[PDB]
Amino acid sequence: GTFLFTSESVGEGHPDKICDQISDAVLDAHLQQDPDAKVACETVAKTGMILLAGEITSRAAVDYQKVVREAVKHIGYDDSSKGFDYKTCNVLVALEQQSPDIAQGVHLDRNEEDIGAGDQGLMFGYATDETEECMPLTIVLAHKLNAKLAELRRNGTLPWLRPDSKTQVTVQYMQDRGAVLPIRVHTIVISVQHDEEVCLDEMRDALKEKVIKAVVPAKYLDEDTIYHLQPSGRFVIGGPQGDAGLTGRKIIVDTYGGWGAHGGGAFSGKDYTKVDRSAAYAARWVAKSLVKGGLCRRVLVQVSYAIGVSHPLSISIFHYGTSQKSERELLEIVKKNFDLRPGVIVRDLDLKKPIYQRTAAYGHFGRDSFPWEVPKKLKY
């Protein structure tokens, strides 16, 4: 009855994640001045370049050069020896106003509660009781391994570390009446960019002793656990120099690590009218509310929208057999407790607040008691 499952995460300096953080730094800069800014900011990163491309209609006066460079500085790319430098990189801007055809069909002359979805699409929310934060253990451990690397880099413990990293965790689970129970860690992968001076054996020993052992409980690790530490053997070239990054290329890292489902929409660089983000956050909120409310142990929620229409086109619930209530009954509880119009979600989840850059690394879910992580008390 056991099986393996794998999830990955990436560090703050992974080039796709750099793009997500810059896109959300731009969004936050606009929201600080104009809470009703319409933002759809994509970022591309390659050797020496940050390009912003997209559509913004806002009353804010934003200094893109400063916002971009400050986000790159925060990540840690501050010298050409690291392959990228916020002080000296090229920042190119190809931003236009939001299409007037979209604006007229979505929000112009609309009451805020009755604003239309900013696009069509489908979105999922997921929650599992296998961890207190209601997230899959595989993804939680993968994120914590990247956060540990960043901590040891920033505190000077492992000064050879650079910001670009990837991790991957394979857990052996037991099936339990639809719920899943973690047994042990089967395999861990860590790849991290490093300086030219450190040797492979020093890195592998540090990754095991100072990173894995500092994150993964010893009860999950045994003589059979497989470790792939710096498996490529050399990772000096990294960040955008090693691989082009784009916003919205880590959507599974951002969500549930392969568990649940995904509707395809990226989160970063988008204001609340883009249901790709707001409805995915609301769906997580619903799923977590169902699990923390004791209605099920594991649950998947789907919602969908049409551009210009406020109410969802569909809502579906899948409880994996982990509820005594039928899926039809859970759907009725959801419909009685939640209003998934984007103009209502914005109020419930305070989505005009400029906290988005905080979401753009280490996953959008299962952390920091964001509004979508605080369960709603259900009435039924």
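Residue indices: 1-based, along the sequence shown.
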query	finding
Stretch with the greater mean C-alpha B-factor as recorded in the entry, comparing 116 to 124 against 174 to 182	174 to 182
Per the entry, higher mean C-alpha B factor between 275 to 283 and 153 to 161	153 to 161
Among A45, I333, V26, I345 - the residue whose C-alpha B-factor is largest in the record	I333
CA B-factor ranking of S316, expressed as a third of its chain	lowest
Chain-relative CA temperature factor third for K166	lowest
Third of the chain's Cα B-factor distribution that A206 belongs to, per the entry	middle
Ranked against its chain, the third holding the CA B-factor of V62	highest
Modelled-residue ranking by C-alpha temperature factor, third containing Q98	middle
